[PDB]
């Protein structure tokens, strides 16, 4: 502090067919997201974008982890290797591969995501929880 070396600042669902913005400001109140949700139309393509800042020194083996739950039941875990980053003025962005929202009536509904940004020292750069609601339409 009071400027940390690593600051995780945002999550964006990058989705060209979405009618509005799908952004979590991660510098604010993280708890607020648990009673909120991003709506995605079933079957649409999107990426998850993590925005973060490195301010003073090199960090190795940065890693993004998402655990997906449905009705409080864990259904999946995915780990994404972000890499080694040096300090820079401009924020960095990490994009996951393109994936598709679930599709079909049985796969619709609400999902919760537990996200974590870490490194090879297992530093908790940020941990947060957010929701996805899969719908027939926007």
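Numbering follows the first chain given and starts at 1.
Enquirer: When the deposited Cα B-factors of this chain's modelled residues are ordered and cut into thirds, is residue 114 in the lowest, the middle or the highest one?
Expert: For residue 114, the deposited C-alpha B-factor lands in the middle third.
Enquirer: Mind checking which third residue 72 falls in for C-alpha B-factor across the chain?
Expert: It belongs to the middle third of the chain when residues are ordered by C-alpha B-factor.
Enquirer: Can you tell me whether residue 56 has a C-alpha B-factor in the lowest, middle or highest third compared with the other modelled residues of the same chain?
Expert: Middle third, going by the recorded CA B-factors of the chain.
Enquirer: Lowest, middle or highest third of the chain for the C-alpha temperature factor of residue 82?
Expert: Residue 82: CA B-factor falls in the highest third of its chain.
Enquirer: Taking the values exactly as deposited, rank residue 103 by C-alpha B-factor within its chain and report the matching third: lowest, middle or highest.
Expert: CA B-factor rank for residue 103: middle third.
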